[PDB]
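Engineer: Handing you a structure now.
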Amino acid sequence: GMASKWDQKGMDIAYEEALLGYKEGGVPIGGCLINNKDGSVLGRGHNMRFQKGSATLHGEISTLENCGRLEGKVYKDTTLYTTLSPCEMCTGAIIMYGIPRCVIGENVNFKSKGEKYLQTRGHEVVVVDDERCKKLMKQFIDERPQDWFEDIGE
Amino acid sequence: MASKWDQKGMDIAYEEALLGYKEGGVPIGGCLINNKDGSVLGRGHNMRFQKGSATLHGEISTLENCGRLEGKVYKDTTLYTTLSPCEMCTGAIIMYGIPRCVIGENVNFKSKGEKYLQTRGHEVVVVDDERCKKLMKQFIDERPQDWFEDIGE
Ligand SMILES: O=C1NC=C[C@@H](O)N1
Ligand SMILES: O=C1NC=C[C@@H](O)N1
Ligand SMILES: [Ca+2]
Ligand SMILES: [Zn+2]
Ligand SMILES: [Zn+2]
C-alpha cells in the first residue's frame, strides 16, 4: 500500500508507546489508531500482559480498548499503527471493526499469516521496516525469550 | 467426533450469557475447558456495557479470565461460545492454538471466522442450542443499535 501523510506521526506514537511499556517491564509493542483525514489520535496503547496479567491485551488490542466504545462508522476511515506485525488475534480485531489500513513498524522479529490475511480480506498493509522498533523488539526476545513465547501462545 | 464435556461447557457458557444479560450487557458467554480431565480454566461474558470495553467480547473476556498461561496449556482445550465467533475472537482461537470451538448457534450471527477456523485445521461444532438462540435474538430485537456496535456496524 502507498504511504500516507500521517504515517510518520502514527509510527512515532506507537514506538513511544512501545518504549513506555518497555520501561514498565512489559512486552515492547505499542500502537495507536488515527483518523485518516485530520490525523487525530483516537487512542494509543501498548502490551499490558505483564502490567495487568493480561492474556488478551496485546499492543493492538490495548490500543483499541483505549479508544473506548465507538460507533461502527468511526473505525471505517482510520489507520491502525503497530510497531510489530499483527498476530491472528490482532488481525481479526482490525478485520472485525473494518479498519481499512494497517501500518507495521517491522516484520523481521515476528510475522504471522495475519499480515497476508489482511490483504486477502481487502485491507491495505504497509511495512515501514522501522529500525528503532526492530532493535527494541530484538532486545526483548534475546533477554526474555520465555516471556515472548508466552505472548504468542508458544 | 464428540467430546464428552460439550454439554458441560455449553451449559456454563449459557449461564454466563444469562449473567451478562442480567447485568444489562450483550448476552454472550463462554468458558475454556481442558480436554483431558475436563477442568474449567475460565469463564466469562461480553463486558462492553459493564466496562465500556470495545474488545471484551464473550470469547475475549473468557480468555482474559483464564489469566496468563503457558502456550501449551491452550493446545488441548475446547473453547465454548454461545454465538459463532467474530473475526477477532476467531483470531484469538487461532493465535493460542485452541484445537476445538463448540458453538451454541450461528443463526443470529456468523462471520467468515467459522470457515476460516476450519481452513486453519480447527474443529468446529455448531450445537444449535435454542436457549442461546432465543436469548440472543431477544437482545437484538430490543437493542439493535447496541448489537451493531458490538460487531462494528
Ligand atoms: O502485543 C503484541 N504481541 C504480539 C504480537 C502483536 O500482535 N502485539
Ligand atoms: O461477544 C461477542 N460479540 C460479538 C461476537 C462474538 O464473537 N462475541
Ligand atoms: Ca515456557
Ligand atoms: Zn496480537
Ligand atoms: Zn468476537
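Within each chain, counting starts at residue 1; across the C-alpha cells, chains are named A, B, ... in the order shown, with ligands numbered 1 upward in that order.
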Neighbours of segment 52-69 of chain B within 9 Å (only C-alpha atoms; same-chain residues fewer than 3 positions away dropped), as a ChimeraX atom specification?
Structural biologist: /A:49-50,53-57,61-62,64-70,93,150-151,153 /B:16-17,26-32,40-49,72-74,79-83,85,88-90,92-93,149-150
Engineer: Set the cut-off to 7 Å, count only C-alpha atoms and all ligand atoms, and list whatever residues fall near ligand 3 as a PyMOL selection string.
Structural biologist: (chain A and resi 146+149-150) or (chain B and resi 70)
Engineer: Just the selected residues (N, CA and C atoms), exported as a PDB file, in the first residue's frame, please.
Structural biologist:
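Ended up saving to part_1.pdb:
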ATOM      1  N   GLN A 146      11.298 -16.613  27.036  1.00  0.00           N
ATOM      2  CA  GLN A 146      10.115 -17.301  27.541  1.00  0.00           C
ATOM      3  C   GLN A 146       8.908 -16.376  27.708  1.00  0.00           C
ATOM      4  N   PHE A 149       7.615 -15.924  24.109  1.00  0.00           N
ATOM      5  CA  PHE A 149       6.913 -17.129  23.685  1.00  0.00           C
ATOM      6  C   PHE A 149       5.482 -17.123  24.211  1.00  0.00           C
ATOM      7  N   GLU A 150       5.330 -16.823  25.497  1.00  0.00           N
ATOM      8  CA  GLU A 150       4.020 -16.782  26.132  1.00  0.00           C
ATOM      9  C   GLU A 150       3.084 -15.755  25.483  1.00  0.00           C
TER      10      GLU A 150
ATOM     11  N   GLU B  70       0.821 -20.961  30.075  1.00  0.00           N
ATOM     12  CA  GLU B  70       1.824 -21.485  29.156  1.00  0.00           C
ATOM     13  C   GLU B  70       1.112 -21.758  27.840  1.00  0.00           C
TER      14      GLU B  70
END
Engineer: So that I can check the secondary structure, give me every residue of chain A assigned alpha helix (DSSP H) by backbone DSSP, as an NGL selection string.
Structural biologist: :A and (7-23 or 49-52 or 59-67 or 72-75 or 88-97 or 114-120 or 131-143 or 145-151)
Engineer: Listing only residues of chain A within 12 Å of ligand 5, what is the closest atom pair and its distance in Å (to one decimal) for each, using only C-alpha atoms and all ligand atoms, sorted by chain and residue number ascending, as a Markdown table?
Structural biologist:
| residue | atom | partner | partner_atom_place_in_ligand_line | distance |
| --- | --- | --- | --- | --- |
| A:89 | CA | ligand 5 | 1 (Zn) | 10.2 |
| A:90 | CA | ligand 5 | 1 (Zn) | 11.6 |
| A:92 | CA | ligand 5 | 1 (Zn) | 8.8 |
| A:93 | CA | ligand 5 | 1 (Zn) | 8.3 |
| A:94 | CA | ligand 5 | 1 (Zn) | 11.6 |
| A:95 | CA | ligand 5 | 1 (Zn) | 11.0 |
| A:96 | CA | ligand 5 | 1 (Zn) | 8.0 |
| A:97 | CA | ligand 5 | 1 (Zn) | 10.3 |
Engineer: Could you list the protein, DNA and RNA residues that have any atom within 8 Å of ligand 1, counting only C-alpha atoms and all ligand atoms, and write them as number ranges by chain?
Structural biologist: A: 27-30, 46-48, 57-61, 82, 84-91, 110, 148, 151-152
Engineer: Would you put the residues from that selection into a file with C-alpha atoms, as a PDB file, in the first residue's frame?
Structural biologist:
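This went into part.pdb:
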ATOM      1  CA  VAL A  27       6.476  -6.536  26.109  1.00  0.00           C
ATOM      2  CA  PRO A  28       7.753  -3.585  23.996  1.00  0.00           C
ATOM      3  CA  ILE A  29       4.951  -3.329  21.432  1.00  0.00           C
ATOM      4  CA  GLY A  30       2.869  -0.197  21.004  1.00  0.00           C
ATOM      5  CA  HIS A  46       0.963  -0.910  24.479  1.00  0.00           C
ATOM      6  CA  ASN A  47       1.083  -4.576  25.502  1.00  0.00           C
ATOM      7  CA  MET A  48      -0.310  -4.980  29.029  1.00  0.00           C
ATOM      8  CA  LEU A  57      -4.176  -7.030  25.885  1.00  0.00           C
ATOM      9  CA  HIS A  58      -1.621  -7.144  23.080  1.00  0.00           C
ATOM     10  CA  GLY A  59      -0.441  -3.752  21.833  1.00  0.00           C
ATOM     11  CA  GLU A  60      -3.129  -3.583  19.144  1.00  0.00           C
ATOM     12  CA  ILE A  61      -5.935  -4.772  21.442  1.00  0.00           C
ATOM     13  CA  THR A  82       1.546  -1.062  15.233  1.00  0.00           C
ATOM     14  CA  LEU A  84       5.137  -5.183  15.141  1.00  0.00           C
ATOM     15  CA  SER A  85       3.391  -7.311  12.502  1.00  0.00           C
ATOM     16  CA  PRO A  86      -0.034  -8.249  13.997  1.00  0.00           C
ATOM     17  CA  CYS A  87      -0.822 -11.759  15.260  1.00  0.00           C
ATOM     18  CA  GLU A  88      -4.001 -13.543  14.151  1.00  0.00           C
ATOM     19  CA  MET A  89      -5.903 -12.159  17.120  1.00  0.00           C
ATOM     20  CA  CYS A  90      -4.959  -8.550  16.427  1.00  0.00           C
ATOM     21  CA  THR A  91      -5.513  -9.139  12.715  1.00  0.00           C
ATOM     22  CA  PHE A 110       7.730 -11.634  14.153  1.00  0.00           C
ATOM     23  CA  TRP A 148       7.900 -13.535  24.433  1.00  0.00           C
ATOM     24  CA  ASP A 151       2.830 -13.573  24.444  1.00  0.00           C
ATOM     25  CA  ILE A 152       2.261 -15.561  21.238  1.00  0.00           C
TER      26      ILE A 152
END
Engineer: Taking the DSSP assignment computed from this structure's backbone, write out as a list in words all residues of segment 3-133 of chain B that belong to strand (DSSP E).
Structural biologist: residues 29, 30, 31, 32, 33, 34, 40, 41, 42, 43, 44, 45, 77, 78, 79, 80, 81, 82, 83, 100, 101, 102, 103, 104, 105, 123, 124, 125 and 126 of chain B
Engineer: Write out, as an mmCIF file, in the first residue's frame, the residues just selected, with C-alpha atoms.
Structural biologist:
data_model
loop_
_atom_site.group_PDB
_atom_site.id
_atom_site.type_symbol
_atom_site.label_atom_id
_atom_site.label_comp_id
_atom_site.auth_asym_id
_atom_site.auth_seq_id
_atom_site.Cartn_x
_atom_site.Cartn_y
_atom_site.Cartn_z
ATOM 1 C CA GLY B 29 -20.879 -16.060 27.395
ATOM 2 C CA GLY B 30 -18.223 -18.744 27.278
ATOM 3 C CA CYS B 31 -15.680 -20.935 29.041
ATOM 4 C CA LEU B 32 -12.456 -22.780 28.260
ATOM 5 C CA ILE B 33 -12.147 -26.424 29.318
ATOM 6 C CA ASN B 34 -9.192 -28.829 29.464
ATOM 7 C CA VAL B 40 -12.657 -25.351 33.625
ATOM 8 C CA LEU B 41 -9.763 -22.922 33.064
ATOM 9 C CA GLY B 42 -12.061 -19.913 32.864
ATOM 10 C CA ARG B 43 -15.459 -18.431 32.087
ATOM 11 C CA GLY B 44 -16.855 -15.061 31.099
ATOM 12 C CA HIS B 45 -19.199 -12.947 29.007
ATOM 13 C CA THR B 77 -8.652 -27.389 25.290
ATOM 14 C CA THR B 78 -12.088 -26.558 23.909
ATOM 15 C CA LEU B 79 -13.458 -23.024 23.739
ATOM 16 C CA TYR B 80 -17.224 -22.841 24.229
ATOM 17 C CA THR B 81 -19.133 -19.817 22.924
ATOM 18 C CA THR B 82 -22.898 -19.233 22.796
ATOM 19 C CA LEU B 83 -22.537 -17.379 19.482
ATOM 20 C CA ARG B 100 -11.773 -27.031 19.252
ATOM 21 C CA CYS B 101 -14.537 -24.445 19.224
ATOM 22 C CA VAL B 102 -18.044 -25.548 20.156
ATOM 23 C CA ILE B 103 -20.713 -23.022 19.190
ATOM 24 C CA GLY B 104 -24.190 -22.523 20.639
ATOM 25 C CA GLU B 105 -25.745 -21.093 17.467
ATOM 26 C CA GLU B 123 -12.599 -28.425 14.795
ATOM 27 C CA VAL B 124 -15.901 -26.512 14.703
ATOM 28 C CA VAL B 125 -19.129 -27.798 16.253
ATOM 29 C CA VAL B 126 -22.405 -25.896 16.000
#
Engineer: Could you state the separation of atom CA of residue 102 of chain A and atom CA of residue 96 of chain B in Å, given to one decimal place?
Structural biologist: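 Rounded to one decimal, the two atoms are 22.1 Å apart.
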Engineer: Would you compute the distance between atom CA of residue 139 of chain B and atom CA of residue 91 of chain B? Give it in Å to one decimal.
Structural biologist: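 Between these atoms lies a distance of 25.0 Å.
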Engineer: Excluding same-chain residues fewer than 2 positions from residue 107 of chain A, what lies within 12 Å of it counting only C-alpha atoms, as a count of residues only?
Structural biologist: 29
Engineer: Which residue, A:19, A:141, A:42, A:74, has the smallest gap to chain B when you use only C-alpha atoms?
Structural biologist: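 For chain B, the nearest of the given residues is A:74.
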Engineer: Within 6 Å of residue 106 of chain B, counting only C-alpha atoms, which residues show up once you throw out same-chain ones fewer than 2 positions away? Write them as a list in words, please.
Structural biologist: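 The filter keeps residues 83, 84, 108, 109 and 110 of chain B.
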Engineer: Those same residues, written as an mmCIF file, in the first residue's frame with N, CA, C and O atoms?
Structural biologist:
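What landed in out09.cif:
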data_model
loop_
_atom_site.group_PDB
_atom_site.id
_atom_site.type_symbol
_atom_site.label_atom_id
_atom_site.label_comp_id
_atom_site.auth_asym_id
_atom_site.auth_seq_id
_atom_site.Cartn_x
_atom_site.Cartn_y
_atom_site.Cartn_z
ATOM 1 N N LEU B 83 -22.316 -17.960 20.803
ATOM 2 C CA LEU B 83 -22.537 -17.379 19.482
ATOM 3 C C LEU B 83 -21.302 -17.551 18.597
ATOM 4 O O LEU B 83 -20.168 -17.382 19.064
ATOM 5 N N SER B 84 -21.527 -17.883 17.324
ATOM 6 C CA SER B 84 -20.430 -18.076 16.376
ATOM 7 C C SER B 84 -19.460 -16.896 16.508
ATOM 8 O O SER B 84 -19.879 -15.742 16.500
ATOM 9 N N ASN B 108 -28.272 -16.097 14.634
ATOM 10 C CA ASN B 108 -28.336 -14.653 14.831
ATOM 11 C C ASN B 108 -27.083 -13.975 14.277
ATOM 12 O O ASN B 108 -27.118 -12.802 13.901
ATOM 13 N N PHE B 109 -25.976 -14.712 14.223
ATOM 14 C CA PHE B 109 -24.725 -14.150 13.720
ATOM 15 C C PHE B 109 -23.714 -15.204 13.281
ATOM 16 O O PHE B 109 -23.586 -16.260 13.899
ATOM 17 N N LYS B 110 -22.996 -14.894 12.206
ATOM 18 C CA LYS B 110 -21.976 -15.783 11.662
ATOM 19 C C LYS B 110 -21.014 -14.967 10.812
ATOM 20 O O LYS B 110 -21.438 -14.252 9.908
#
